[PDB]
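For reference, each letter of the sequence shown is one residue, going 1 to 330 in the deposited numbering. The structure under discussion appears below in the form of structure tokens.
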Amino acid sequence: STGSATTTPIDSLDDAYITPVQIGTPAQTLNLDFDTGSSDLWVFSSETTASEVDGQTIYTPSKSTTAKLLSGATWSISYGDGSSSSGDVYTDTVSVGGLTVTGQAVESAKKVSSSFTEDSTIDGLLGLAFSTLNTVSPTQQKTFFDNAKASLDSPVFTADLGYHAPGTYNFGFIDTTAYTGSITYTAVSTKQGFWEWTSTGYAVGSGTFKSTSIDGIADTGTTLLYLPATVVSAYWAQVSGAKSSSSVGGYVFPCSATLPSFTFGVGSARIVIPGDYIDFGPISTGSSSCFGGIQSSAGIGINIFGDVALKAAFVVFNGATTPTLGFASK
Ligand SMILES: NC1=NC(=O)c2ccccc21
């Protein structure tokens, strides 16, 4: 089997991407944030604290003839931005782009933190990291991809995120029309539960490539590109007036600037992030200070190849027995 679904930016900045997902019988379609940095499929629901729901579409398990409460199971997750959610668990039928999994764990939110409530466009998360990170207790559950793997034509999914435009998640096949040149594959460590890999270096604009190993994760659920402080300083030094602002929480730059590109290495191959992809707009409405899309990971503990980086590429998440990642230009 295969599936193919369009993913759409939630706003004019590409702050996140939503993909429609069918849950239950008859189908209830919710717009979920596909997140290769986590491993829980959770949804706003009829069980979510009413004051914490503000415009989202909810899953109502009592209206699904295939929903079954997973007795005694609970979940609770917190994300790198400090947001969090928790609740109970159903199994139900879940379909993405024509690919169906029966008995998928659908984690129903009882509580969500303020940033989820305040974002009316995201109805939940669909985790695509390794199932070892799944938070369901006392019986850990498998991701949608893990459940689908046996049935897929090939044990892979691909992320093709757009810049200010829709893109595609495909399951079970590699669309050879969706990228240019060749896909360069690179090793993955699953030890932390992430799609963790090592970039071979970077360049700023037209500058020379610096060969240096940068360990990090491919994370579709993180908006920005978080890299070591040395790398980030080298980037922003090429933008007149750019500075790190402790009050804002990162590098800012004059909105009048034209930003340089940023290149990262995948083996001997190179992925170029155009400068425009690094502009996240005014720090507050009407400000002439703009927020940068490349930020320091120094306070995180891990480097993160988030959407800023991934949307410059066609990315293969190869879930074979020994997983690998593939990157191509597009
Ligand atoms: N992978 C993620 N990085 C985040 O900062 C985040 C927030 C909310 C959901 C998922 C994610």
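Backbone N, C-alpha and C define an ideal beta-carbon position, used for all residues, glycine too.
**OP:** Return the chain-ordered list of same chain residues with a C-beta closer than 6 angstroms to the C-beta of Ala320, the five sequence neighbours on each side being excluded.
**Re:** Numbered from 1 along the sequence shown, position 320 holds the residue referred to as residue 320. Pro155.
**OP:** Going by CA-CA distance only, name the one from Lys111, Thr198 and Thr139 that's closest to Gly326.
**Re:** As a first step, residue 326 must be located in the sequence shown, where it is residue number 326. Out of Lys111, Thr198 and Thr139, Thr198 has the C-alpha closest to the C-alpha of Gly326.
**OP:** Evaluate contact between the stretch 185-203 and the stretch 278-298, counting only Cβ atoms and requiring at least three cross-stretch pairs below 8 angstroms.
**Re:** Contact between the stretch 185-203 and the stretch 278-298 is absent, because fewer than three Cβ pairs lie under 8 angstroms.
**OP:** Express the C-alpha separation of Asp88 and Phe314 in angstroms, rounding to a whole number.
**Re:** Walking along the sequence shown from the start, residue 314 turns up at place 314. Walking along the sequence shown from the start, residue 88 turns up at place 88. Rounded to whole angstroms, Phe314 to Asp88 spans 35 angstroms at the Cα level.
**OP:** Compare the C-alpha of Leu310 against each of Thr212, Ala5 and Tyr17 and name the closest.
**Re:** Here residue 310 corresponds to residue number 310 of the sequence shown, with the count starting at 1. Checked all of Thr212, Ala5 and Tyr17; the closest Cα to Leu310 is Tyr17.
**OP:** Determine the direct distance from the alpha carbon of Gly3 to that of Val252, and round the result to whole angstroms.
**Re:** Residue mapping note: residue 252 aligns to position 252 of the sequence shown, counting from 1. Residue mapping note: residue 3 aligns to position 3 of the sequence shown, counting from 1. If you take the alpha carbons of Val252 and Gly3, they lie about 40 angstroms apart.
**OP:** Pick out whichever of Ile183, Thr29 and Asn147 has its Cα sitting closest to the Cα of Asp123.
**Re:** Sequence index remark: in the sequence shown, residue 123 carries index 123 (1-based). The shortest C-alpha to C-alpha distance from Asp123 to any of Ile183, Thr29 and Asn147 is the one to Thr29.
Original post:
Would you say residue 339 and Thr184 are within 8 angstroms of each other, going by their C-beta atoms?
Top reply: An answer regarding residue 339 cannot be provided, because it is not within the stretch 1 to 330 covered by the chain.
**OP:** Please go through the stretch 4-60 and give each complete beta strand (DSSP E) segment of 3 or more residues, from N-terminal end onward.
**Re:** The stretch 4-60 contains these whole beta strand (DSSP E) runs: 17-23, 28-35 and 41-43.
Original post:
Looking at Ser154 and ligand 1, is the gap between the Cβ and the nearest heavy atom below 7 angstroms?
Top reply: By one-based count along the sequence shown, residue 154 stands at place 154. The closest heavy atom of ligand 1 lies 7 angstroms or more from the beta carbon of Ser154.
Original post:
Hey, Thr6 and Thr168 are a contact pair by Cβ (cut 8 angstroms); roughly how many whole angstroms apart?
Top reply: Reading the sequence shown from its first residue, position 6 is the one you call residue 6. Reading the sequence shown from its first residue, position 168 is the one you call residue 168. That belief holds up - the Cβ atoms of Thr6 and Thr168 are roughly 6 angstroms apart, short of 8 angstroms.
Subject >> Closer than 7 angstroms: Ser83 CB and nearest ligand 1 heavy atom >> reply: Residue numbering aside, residue 83 sits at position 83 when the sequence shown is read from its first letter. Taking 7 angstroms as the cut-off, one finds at least one heavy atom of ligand 1 near enough to the beta carbon of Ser83.
**OP:** Quick one: grab the DSSP three-state call for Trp195.
**Re:** The residue labelled residue 195 in the question sits at position 195 within the sequence shown. DSSP, reduced to helix, strand and coil, places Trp195 outside both helices and strands of the structure shown, so it counts as coil.
**OP:** Can you grab the Cα-Cα spacing for the pair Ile10 / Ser240, in whole Å?
**Re:** Counting from one through the sequence shown, the residue named residue 10 turns up at place 10. Counting from one through the sequence shown, the residue named residue 240 turns up at place 240. Their Cα atoms are separated by approximately 30 angstroms.
**OP:** Could you tell me whether the stretch 139-151 touches the stretch 245-262, where touching means 3 or more Cβ pairs closer than 8 angstroms?
**Re:** Of all C-beta pairs linking the stretch 139-151 to the stretch 245-262, fewer than three are shorter than 8 angstroms, placing the two stretches out of contact.
Subject >> Cβ neighbours of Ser120 in the same chain (closer than 7 angstroms, five flanking residues each side left out) >> reply: Walking along the sequence shown from the start, residue 120 turns up at place 120. Result list for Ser120: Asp54, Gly55 and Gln56, in chain order.
Original post:
For the beta strand (DSSP E) that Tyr163 lies in, which residues bound it at each end?
Top reply: Sequence index remark: in the sequence shown, residue 163 carries index 163 (1-based). Counting along the chain, no beta strand (DSSP E) covers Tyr163, and no H or E run does either.
Original post:
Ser38: beta carbon under 7 angstroms from a heavy atom of ligand 1?
Top reply: By one-based count along the sequence shown, residue 38 stands at place 38. Using a cutoff of 7 angstroms, the CB of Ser38 counts as near ligand 1, since one of the ligand's heavy atoms is closer than that.
Original post:
So does the stretch 201-218 actually touch the stretch 64-72, counting three or more Cβ pairs closer than 8 angstroms?
Top reply: Segments in contact, no.
Subject >> For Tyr79: DSSP bridge partner residues >> reply: If you number the sequence shown from 1, residue 79 lands on position 79. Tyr79 is not bridged to any residue.
Original post:
At a cut-off of 7 angstroms, is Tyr79 close to ligand 1 when judged by its beta-carbon and the heavy atoms of the ligand?
Top reply: Within the sequence shown, residue 79 is the residue found at index 79, counting from 1. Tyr79 Cβ: within cutoff of ligand 1.
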